[PDB]
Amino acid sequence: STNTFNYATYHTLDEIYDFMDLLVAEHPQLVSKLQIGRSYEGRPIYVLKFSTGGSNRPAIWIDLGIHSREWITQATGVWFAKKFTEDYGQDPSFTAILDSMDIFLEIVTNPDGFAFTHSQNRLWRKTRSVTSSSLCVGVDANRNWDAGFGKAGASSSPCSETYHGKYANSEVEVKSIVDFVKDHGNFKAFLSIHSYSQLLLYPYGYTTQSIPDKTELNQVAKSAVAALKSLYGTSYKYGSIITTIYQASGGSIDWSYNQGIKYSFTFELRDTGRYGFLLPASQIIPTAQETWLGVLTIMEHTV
């Protein structure tokens, strides 16, 4: 059962997929599993929908693991999923959110890369699509979005860690989300979960242009980082992607914000470089707990 699932360890693709089914079976009135596409290598791509009813209620999107080696993100996603089912009907604030809004949680946004990190190369980041005119495999799926696609802050070199791919939305892992979010039409928040650096970022990455909602998103981010820090003292920086970390093009929240999804944020979770992508399992639960406080704060602002 999800009560005996080990949240303090890293899991395989199959384990996470089986966890999804267990959670849905345990909480059939709250959680359902949606297949939003198939990966390049034909694996199902799944989103958990948390809902207490209604018809396409205002929604929060959360993607985790788009960069496959960022294992703290999938592990955080699993914890989030369980936490949602525990706190609905117990925590006043979260209960208020789910009574009026739906949450769509994509724990393994890049399943082919995730499988590869378990079977072949722990440090695999990209998708597994094969570039026809190339010995190289995969695209940086967080540089493949139709937001400043192909502009400075991504690489045109197919072997690069930061390769943007041949055209915007070339990667089915990205296009699956784009289609789902567009078809849905009522997303109000869009949160992309990454590691590492301890940053909470709002748009843009591709341009120095200030978003029209900068004052608001900046204060939301300030509040969220304070909430996150309150638990273990984990210090996050916050601001626009381009001012806070680097220019980066073809990114998820730049795309979502340009669709009119106002509360668009990217979290870069622990740490700041000591372990980097190889974050010890002993930090999974503390990371998930503090990150939840930040995420819940954003959801509260979305209302």
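The first residue of the shown sequence is 1; numbering continues from there.
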Higher avg CA temperature factor (232 to 240 vs 59 to 67, as deposited) belongs to 232 to 240
Of 140 to 148 and 212 to 220, which one has the bigger average CA B-factor? 212 to 220
Looking at the C-alpha B-factor values in the deposited entry, which of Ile253, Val47, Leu269, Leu30 comes out highest? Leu30
Candidate set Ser100, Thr73, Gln198, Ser176 [ranked by C-alpha B-factor, highest]: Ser100
So where's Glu161 on the chain's Cα temperature factor ranking, which third? middle
Temperature factor at the Cα of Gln120, chain-ranked in thirds, falls in the highest
By its CA B factor, does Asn169 count among the lowest, middle or highest third of the modelled residues in the chain? middle
Of the three thirds of the chain ranked by Cα temperature factor, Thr52 occupies the highest
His184, C-alpha B-factor rank within chain (lowest, middle or highest third): highest
